[PDB]
Structures are given as structure tokens and as C-alpha cells.
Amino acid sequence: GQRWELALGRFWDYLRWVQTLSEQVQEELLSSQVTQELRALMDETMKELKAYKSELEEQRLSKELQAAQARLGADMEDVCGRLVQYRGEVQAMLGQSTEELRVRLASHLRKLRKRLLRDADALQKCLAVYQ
């Protein structure tokens, strides 16, 4: 752990589940439910991150720190954004098969997830060299 790490961990595990695009994920994607639960998990992570830095400051780099955290937050909204786009695109098919849409969502989500993980590893390092 580390609190903010454990919160980001819950965001991460929820996202790995969404990636499966199983039947329950799909029901929950056409509802606001997923981007809904994702937002809460994201907000929890940034909250705990904020508190961690405040605490850390009790024991250039700052600027690099704010930006690394900013990337994290933006990766999470890019994920939510893409998940919103799939819903509309599904609505747009008016009933047609969503199989193709899903293969392409999965490919894209994987890349968005790879960026998130690389930015989280980076924020983690900044925090250290500043730990």
C-alpha cells in the first residue's frame, strides 16, 4: 500500500474489469454506472494524493510533481471520455450489432490503460526523489 496507491489500485482493478467488456460490464456501460463509479474512484485517488504530498512536505521538483499528478488525473478523464463516446456510438447504431464497436473499444482502452500505468509509475518516482 500507501493510501493513494491503494485508492489508485481500486481504480485500476475496476478498469481492468471494464476492459473485459463482459455482459455485466456492457449493461453498466450503457448506463452512467461505470463512468459514475470510475469518477468516484478517481476523486478518491486525487484526494489521497493531495494529502500525501501535504504530509510529505513535513519531512523545480514541485513543478514536475504537479505536472506528473496532472497527467494522472487527465489519463483518468481520457478513460471516462472514451467510455462516454462508446455509449453514444452504441445509441447511434439504433440496435445494430456492437461487436465491431467493442473490438475497437477494447484495443483503445488497452492503450489508454498503458498510458495510465506509465504515468502512475512516473508520479510514484517523482514522489520519491521528493520523498
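The numbering used is simple: start at 1 and walk along the sequence shown.
According to the entry, the stretch of the deposited sequence that connects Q59 to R60 contains 10 or more residues lacking coordinates, which leaves a long gap in the model.
The mean C-alpha temperature factor is higher for 60-68 when 86-94 and 60-68 are set side by side.
The mean Cα B-factor in the deposited entry runs higher for 34-42 than for the other of 34-42 and 102-110. When all modelled residues of the chain are sorted by CA temperature factor, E77 is found within the highest third.
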